[PDB]
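Engineer: coordinates only, no sequence provided:
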Ligand SMILES: Nc1ncnc2c1ncn2[C@@H]1O[C@H](COP(=O)(O)OP(=O)(O)O)[C@@H](O)[C@H]1O
Ligand code: VO4
Ligand SMILES: [Mg+2]
C-alpha cells in the first residue's frame, strides 16, 4: 500500500532538468522520439507507476506535442501534452549490458526508474551509482550470494570484469585496507527492511571465505555464529518487516588478506526495551522468546515451568506465528550458534533460565492495597505470589528482596533513612522495568562474552568497519523509540553528505567552482532541529526530564514555540498538545509524544541494582557489573536519549575517520512480494540515499582531479613554479579536449566524467 502522503512526498521530488530536443532540424519532428511523461490515465489510475513511455508523433510543435502511449500498452490514442511535462529518454539501450548508471546519457528521475526496473525484474538488483552501490530487495534468495559467487569475486583478477555487487564493495574496501594500510568502514543505508542486515550478513560471509587452510577457527567461528544469536535477542517481527533489528550493530574487524577473520569487535546500541513489555498488534517480541517456548526440551519446559507462547502476558497471543518463519528450526540453530561462542551446557541453561525468569515475572499480577496507611499501595496478588517466587529463582535473585525493592519506597534525609510504600501503578512500572533491565543487560553480557574471546590481544589499529543501523520507520503510532531510530538514520545521512557532497563543493570553491548547481540534502536543518544542544527536540526532552514538573505536553509546547521559526519542525494540526511533524529526508513523520518522559527515564537504578549485584549466580552478578548506583535523583548521563546522543556522536566520529564505503538498500514495495515495482516508494529512497544526485553531480561535475606534477608525469617528455601551470593546458588542447571538458585549478587539473576518459587513450 502507498499512502496519499507517500504519493505527495514522492510527487514533490519530481524535477525536470534537461530539455526535450525532439524535432528534426528542418521540421516534420524527429522520427519516433521516445519520451517520458507525468500525464496519462495510466498514472492517474495506478499509484505504483508515475510515468508512461510515449512516441512523439509527426506534426507537433514545441508548445503541444502529440504523443501516443507505447508502454504500458496504450489505447493507441495520440494525446497532446506541453513540453514542460516531457523528459528525455535513454532511447534504445540494454540496461543489462553495463553495471553502472554513470554510462547513461540522461539520468533524469524517469530514466533511473526504468534503468533500475529493467534490471530488478530481470533479477540484477545491485548497480553502481558511483561511489554508492544500489542494492534493491528482491525478497527471494537470488543465489548470487553463494560461496561460488564469493570465490568468483575475490579470486577473479580483473576488477572491471566483476559485475556490480555487495561483494564488489567488500573487495574494493579489503584491498585498500591492506594496500594503503588505512582502516575502512562499510555503511549500510535504506528503509527498515530494505536489505541492511542481509547485505551485512553477505559481506561478513565474504570476509569469512578463506583461500588458505591455516588460520585458527576460534575467532572466525565465534564471530559468524554470533549473528544468529544476536538476531534471536535483537530482532523482532514488525508490520514493515518480519526480522527488524531493534539494535544498531557496529563491527571492527581484523581480516588477513586470504579472507580470514583474525580478530573482531561487536557493539550493539540502543535496544528496544518497550518490545519485551508490550507489542503492537500484527507485530511481535524478540524472536528468542518464541524460539525458546517452542523448541524447549521436555526437561527445560518442566524445570523452568514453561507455558505456551499464548500463556505469557508479555508476548502478544495473536501475533505468535510468523509468516514463513519456523521458530523451532531457528531455535535449534541459535542453540548450536551459542555453543560456538564458548558457552557451556550450563551457560546456556542459565541464559534461558533468566529468559524464563523475565517471562515468569511478567505474568505476576500486582494489586492495589489500603496497606501501611498509604492506600493505592502496592501488594503482590495472593495467588500470583508462587509465580513471583519462581520468577525470581529463575533470574537467580532473592524473591523477598525484589519484593522489598518493589512495594517499598526508600527515601533519605541527612545520613538517615525514611521508609514508605510504592503504589500499584508505580510498583507495576518498576516490576516491568526489572524485566526490561534483565533482558537488555543479558543480551549485552552475551555480546561482552563474545568480545572477550574475539577481541585483539592488544587493540584495534587498522580494522574493517560495518554498520547495521535500524532504517527509517513509519507507522500510525510513532514513539520515542521510533524517533530515536529516525534520528540515528539522519546522522548516517549527514555523515554521507559531508563526505560525498561537501568535500566536493569545498574542493571546487578552493580551485575552480563551476556550478552553484550541486547537492540537494539540507540534512543540517533537520539534524540540528533534532540534536543541536540547547535548541532541539532531544535537548527540550533532556531538560524536561530533569525538570521537577515535566509533562509530555510541556515538552511539546517548548518545541512548538522555540523550534517554531524552523520549517523542519511542524506542530500537529489536530491534537497539537501531543503530536508534532518532523519533516525528515524521507518526508513528514509525526510523533504522538505521550509517555516520552517516562520512556526517556526508562532505566533501572537504585538499591535494586545492588540486589542483582550480590546474586548467588555469577552470570547474574556480571549481568550489571559496571553500574553506578547513586540510589536517588537522576543525572543528565543516566537519561536514555542523552546517553544515545553521546553514543551515536562518539561512534559516528570514529566512522568519519575511517574510509567510507556506501551500500544503499532499496525496498521496492511494502507488500513483501518479489518482483513488484512501486515507483513512488522507490523514488523517495532515490532521493534519501541521494543516489539520483550522486550521479547528477558526478556526471555534470568534474571527476578526474590531479595536480600539475601528477599530470605532467604521465607526459614524460616535458620535465617550473608558475610555468608548469600553463604546461598542462597545452597537452589538453593537443589531445583534442574542448575547453568545457577540462578546467585548470589553483593547484590541480579537473576533468569531466566524459573528458577524463579520453586522455586514457
Ligand atoms: N538481496 C536479498 N536477496 C533476498 N532476500 C533479501 C535480500 N535483501 C533482503 N532480503 C529479504 O528482506 C528481508 C528484510 O531485510 P533485512 O535483512 O531485515 O534488512 P534491514 O536491516 O534493512 O531490515 C530479509 O530478512 C530477507 O528476507
Ligand atoms: O529493519 V531493520 O533491520 O533495518 O531495523
Ligand atoms: Mg536488522
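Structural biologist: Done, it's in. Numbers count the residues shown, from 1 in each chain. Ligands and ions are numbered 1, 2, ... in the order given.

Engineer: mind listing what's buried in stretch 534-548?
Structural biologist: Residues 536, 537, 538, 539, 540, 541, 542, 544, 545 are the ones in stretch 534-548 that count as buried (16 or more other CB atoms under 10 Å). For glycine as for every other residue, the C-beta is placed from the backbone atoms N, C-alpha and C.

Engineer: could you dump those to a markdown table with secondary structure and distance to ligand 1?
Structural biologist: Shown next, in a markdown table, are the buried residues of stretch 534-548 (DSSP: H, G, I helix; E, B strand; the rest coil; distance: CB to the nearest ligand atom, whole Å):
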| residue | secondary structure | distance to ligand 1 |
| --- | --- | --- |
| 536 | coil | 26 |
| 537 | coil | 24 |
| 538 | coil | 24 |
| 539 | helix | 29 |
| 540 | helix | 30 |
| 541 | helix | 26 |
| 542 | helix | 28 |
| 544 | helix | 32 |
| 545 | helix | 30 |
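
Engineer: just the closest of the residues you listed to residue 591, please.
Structural biologist: residue 537 (8.6 Å; CB to CB).

Engineer: what sits against that closest one?
Structural biologist: If you count contacts by CB atoms under 8 Å, 6 or more residues apart in numbering, residue 537 has them with 483, 529, 530, 559, 563, 569, 580, 582.

Engineer: hmm, which two among those residues are most spread apart?
Structural biologist: Using CB to CB, the pair of those lying farthest apart is 483 and 563, separated by 13.9 Å.

Engineer: the nearest residue to residue 319 once chain neighbours are set aside: neighbouring residues, count only.
Structural biologist: Distances taken as CB to CB, 6 or more residues apart in numbering put residue 284 closest to residue 319, at 4.9 Å, once the chain neighbours are dropped. For residue 284, the neighbour count with other CB atoms under 10 Å is 25.

Engineer: kindly report the same for residue 457.
Structural biologist: Residues near residue 457, counting by other CB under 10 Å: 5.

Engineer: same question, residue 274
Structural biologist: Neighbour count of residue 274, defined by other CB under 10 Å: 18.

Engineer: please, which helix or strand holds the residue lying closest to it once chain neighbours are set aside?
Structural biologist: Among residues not flanking residue 274 along the chain, residue 481 sits closest, at 5.8 Å (CB to CB, 6+ apart). Under the criterion of DSSP states H and E, residue 481 resides in helix 480-497.

Engineer: can I get the buried residues of stretch 534-548 in a markdown table including distance to residue 306?
Structural biologist: Output for the buried residues of stretch 534-548, formatted as a markdown table (distance: CB to CB, whole Å):
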| residue | distance to residue 306 |
| --- | --- |
| 536 | 45 |
| 537 | 42 |
| 538 | 40 |
| 539 | 45 |
| 540 | 45 |
| 541 | 39 |
| 542 | 41 |
| 544 | 42 |
| 545 | 38 |
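
Engineer: and the two most separated of those residues?
Structural biologist: Maximum pairwise distance in the buried residues of stretch 534-548, criterion CB to CB, is 13.8 Å, between 536 and 545.

Engineer: which non-adjacent residue is nearest residue 187?
Structural biologist: residue 662 (4.9 Å).

Engineer: where does the one you found sit: helix, strand or coil?
Structural biologist: strand (DSSP: H, G, I helix; E, B strand; the rest coil).

Engineer: with residue 175 instead?
Structural biologist: In three-state terms, and counting by three-state DSSP, residue 175 is helix.

Engineer: returning to that earlier point: what's the separation between the residue nearest to residue 319 and residue 401?
Structural biologist: According to CB to CB, to the nearest Å, residue 284 and residue 401 sit 32 Å apart.

Engineer: repeat for residue 742
Structural biologist: As judged by CB to CB, residue 742 and residue 401 stand 77 Å apart.

Engineer: go on, residue 240?
Structural biologist: Residue 240 sits 41 Å away from residue 401, going by CB to CB.

Engineer: which ones are touching whichever residue of the stretch 201-350 of the chain sits closest to ligand 2?
Structural biologist: Ranked by CB to the nearest ligand atom, the top residue of the stretch 201-350 of the chain for proximity to ligand 2 is residue 245, at 3.2 Å. Shown in contact with residue 245 (CB under 8 Å, 6+ apart): 192, 196, 197, 231, 234, 235, 468, 469, 470.

Engineer: tell me which helix or strand the spatially closest residue to the second one that is not a sequence neighbour sits in.
Structural biologist: If the residues on either side of it in the chain are set aside, residue 196 comes closest to residue 188, at 4.4 Å by CB to CB, 6+ apart. Assigning secondary structure by DSSP H and E places residue 188 in strand 184-189.

Engineer: got the contact list for that strand?
Structural biologist: Strand 184-189 is contacted from outside by 169-170, 173-174, 176-177, 195-196, 199-200, 203, 464-469, 471, 489, 492-493, 495-496, 655, 658-665, 689, using CB under 8 Å, 6+ apart.

Engineer: check which helix or strand residue 645 maps to.
Structural biologist: helix 640-657.

Engineer: and that helix with strand 184-189, angle?
Structural biologist: Helix 640-657 and strand 184-189 are oriented at 130 degrees to each other (axes from the mean of the first three to the mean of the last three CA atoms, to 10 degrees).

Engineer: now helix 640-657: buried residues?
Structural biologist: So, applying 16+ other CB under 10 Å, buried residues of helix 640-657: 640, 641, 642, 643, 644, 645, 648, 651, 652, 655.

Engineer: and which of these is nearest to residue 53?
Structural biologist: residue 655 (41.6 Å).

Engineer: give me the neighbour count for the nearest residue to that closest one once chain neighbours are set aside.
Structural biologist: Using CB to CB, 6+ apart and skipping residues adjacent in sequence, the residue nearest residue 655 is residue 185, 5.2 Å away. For residue 185, the count of nearby residues is 24 (other CB under 10 Å).

Engineer: and residue 185, how far is that from residue 499?
Structural biologist: Separation of residue 185 from residue 499 (CB to CB) stands at 11 Å.

Engineer: next SSE downstream of the strand holding residue 188?
Structural biologist: helix 196-207.

Engineer: which elements pack onto that next one?
Structural biologist: On a contact count with 3 or more CB pairs under 8 Å, 6 or more residues apart in numbering; DSSP states H and E, helix 196-207 meets helix 147-154, helix 166-179, strand 184-189, helix 217-224, helix 226-234, strand 248-256, strand 464-468, strand 659-666.

Engineer: contacts only, for the closest residue to ligand 3 within the stretch 651-761 of the chain.
Structural biologist: Of all residues in the stretch 651-761 of the chain, the one sitting closest to ligand 3 is residue 665 (10.6 Å; CB to the ion). By CB under 8 Å, 6+ apart, the residues touching residue 665 are 135-137, 188-191, 194-196, 198-199, 471.

Engineer: now with 6 Å?
Structural biologist: If you count contacts by CB atoms under 6 Å, 6 or more residues apart in numbering, residue 665 has them with 135, 190, 194, 195, 196.

Engineer: next, format those residues as TSV and append neighbour count.
Structural biologist: Shown next, in TSV, are these (neighbours: other CB atoms under 10 Å):
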residue	neighbour count
135	27
190	25
194	25
195	26
196	26
